[PDB]
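So you can see what is in the structure, the chains are spelled out below.
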Amino acid sequence: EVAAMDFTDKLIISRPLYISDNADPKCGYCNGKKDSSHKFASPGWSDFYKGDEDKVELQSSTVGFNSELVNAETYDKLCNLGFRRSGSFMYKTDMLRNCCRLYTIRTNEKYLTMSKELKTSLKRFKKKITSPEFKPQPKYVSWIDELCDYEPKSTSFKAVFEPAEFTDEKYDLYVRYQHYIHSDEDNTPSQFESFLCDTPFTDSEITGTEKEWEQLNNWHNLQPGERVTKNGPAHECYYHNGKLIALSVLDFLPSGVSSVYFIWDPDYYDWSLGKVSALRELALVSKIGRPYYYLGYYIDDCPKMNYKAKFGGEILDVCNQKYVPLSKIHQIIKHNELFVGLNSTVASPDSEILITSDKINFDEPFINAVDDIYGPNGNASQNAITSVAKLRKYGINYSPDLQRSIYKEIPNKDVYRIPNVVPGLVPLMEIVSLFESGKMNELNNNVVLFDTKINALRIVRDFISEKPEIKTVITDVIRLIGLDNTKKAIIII
Ligand SMILES: [Zn+2]
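Rules of the game
Residues numbered from 1 in each chain as written, not as in the entry; some residues may be left out. Heavy atoms only, no water. Domains from an automatic or database assignment. Contact = heavy atoms within 4.5 Å. Buried area = accessible area lost by both parts, 1.4 Å probe. Salt bridge = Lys/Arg side-chain N within 4 Å of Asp/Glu carboxyl O. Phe/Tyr/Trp six-rings, centres within 6.5 Å; stacked < 30°, edge-to-face > 60°. Buried < 20%, exposed > 50% of the residue type's maximum accessible area, 1.4 Å probe, protein only. Pairing = 2+ DSSP bridges. Helix = DSSP H or I, 4+ residues; strand = E, 2+ residues; numbered from the N terminus. Axes fitted to C-alpha atoms, helices over the stretch in contact; angles between N-to-C directions.

Structure determination for this PDB entry is given in the record as X-ray crystallography, at a resolution of 1.95 Å.

A look at the domain arrangement of the protein
Splitting the protein by domain gives domain 1 (7–100 + 375–492) and domain 2 (116–290). On the domain 2 side, the residues contacting the 17 residues of domain 1 number 18 residues. For the pair domain 1 and domain 2, the summed buried area comes to about 1,200 Å², and 57% of that belongs to carbon and sulfur atoms. A per-residue breakdown of the area domain 1 buries against domain 2 is headed by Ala72, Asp76 and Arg85, which together make up 42% of the total. The salt bridge partner of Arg85 is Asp251, with a shortest N-O separation of 2.8 Å.

Some details on the packing of aromatic side chains
Tallied over the full model, the rule gives 31 aromatic pairs. Judged by centre distance (5.2 Å) and plane angle (85 degrees), the rings of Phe40 and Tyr407 are edge-to-face. Exposure remark for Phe40: the relative accessible area of 2% places this residue in the buried category. Looking at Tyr407, the relative accessible area reads 8%, which means it is buried.

Examining the sheet that holds strand β9 (residues 232–240)
One open sheet accounts for 8 strands, arranged β8-β9-β10-β11-β12-β7-β13-β14; its pairing is mixed. Of all the strands in the sheet, the pair left with one neighbour each is β8 (157–162) and β14 (322–325). Shown here is a sheet whose adjacent strand axes are inclined to one another by a mean of 30 degrees, direction ignored. Across 2 bridges, strand β7 (residues 103–107) lies against strand β13 (residues 314–317) in antiparallel orientation. Bridging across to β13, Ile105 finds its partner in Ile315. Relative to strand β10 (residues 243–253), helix α3 (residues 72–79) is tilted by about 90 degrees, and along the sheet it contacts β7, β9, β10, β12 (292–298), β13 and β14.

Below is the structure:
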């Protein structure tokens, strides 16, 4: 006998897509409009195009895959690889080629600086919901403890955690909010359902139990060292005298909480709910004893996204697979640069950084090595073209990227084709090593396919003998999520 397939431990995904189009209009953050000093990924590319910035057509570019099943531990890993979910679609930008530089940001109460601005938003909230008879304690150790004292005592305000389920009330509020912010989307009931209610998580992570939701809704009273069992998606409903005035869509992960989406009643602009809800969610992360609050993507030059910097924290270096505090690099990403860290005591990189050895230490001095690796005279492309040829010998249908520039120039597409060189994907030279060391044989008896032809699941038994189209899809999944995660995948082909 062999153990039944355990779908509490599987990631079911479609084959990867690489979607690239003109940033005007595809990019909702910049609309393809950038100052020429923000237009490129590095000073080396800025200088390569100095004087002809107007002959590049910026592109908006995403790579990812649809998910039919993911558990919270696996989604946590994907967040910490630089992915985000949009409904059930797991994606990231191509940070080398995209118009805007999107960084994965995370923070917590240790990073947070309670500025006058943030303090004012909490003070207003307290005044909106708190009776004049409330008597505060003479001292609160943290602003979190102050909030956890008065908020549950309000007779007019109540926030409720519940499963992420459609209601007419929620949808009507979303329509009004999306119109107030000038969403250029349909915003039909089905779209709201797929975006913010239906998810690829396990049923236990979606539905939970009555005890789990009651425990979560008691969070204001959690004591030090106490924890909650909840993982997976949730809605937090904000009620003022029985009326829904805001809805927070959140994912509970082993390492903390991710903010999916926040909507509020435009008539409540004077409650500062955008800032208040972020502070409440930071307080929640602290009270449930988890380390990080994830606000999604940070774009230093987009006002709709750089508000996240006010809560502090650290930014993911996808090339090193480590976080660096925002305060240490903010000055060198202010012109939409891509950052690739390298300790100053380390020789100039001869290649893309190996996602295998001696990790970067951001507590030691470091520099941005982006142009050594990915600049117009960097080494990444030379190494990738040589790897493509070796990989073709294993039946991997990759083609070499031979163009001089990573940018689209005025002259004066296969959605299954990923570029040879993408920051944060496994470099092709490392993919070669996996084949040459036999580490790719770890896929045998582990990775599973859903063959749409025969309409059945099939465990892969001899990877190298699979058809090239199949081997190529699997290898692209490895580039995106790594070998260990792919070994727990069911890939739909
Ligand atoms: Zn953009």
